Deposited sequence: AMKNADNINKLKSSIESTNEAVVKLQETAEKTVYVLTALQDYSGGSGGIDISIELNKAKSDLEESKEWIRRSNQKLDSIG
């Protein structure tokens, strides 16, 4: 019973991780759009760059999670 449930938990997180990846892709596009709509504002530029860094870190963490899940056998 436990072993089956551990396998189900693993699959659940894999799916959750896919949802997070697709949301990261949504965030990339929203940031692109906001950048494109800028007035060519110094402060908005700063904040958008911080968002980009946060997004890149989000990607690294999801890779970490996926790699951890891969180690379950």
* Structure fact -> Not represented among the modelled residues are deposited positions 1 to 2, 43 to 47
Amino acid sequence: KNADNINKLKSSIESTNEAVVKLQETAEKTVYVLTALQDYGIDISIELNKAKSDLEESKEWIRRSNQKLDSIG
From here on, numbers count along this sequence of modelled residues.
* To do: Using only the Cα atoms and their B-factors as the entry lists them, report which of 47 to 55 and 14 to 22 averages higher.
  => 47 to 55
* Asked: Looking at the C-alpha B-factor of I72, is it in the lowest, middle or highest third of its chain?
  -> highest
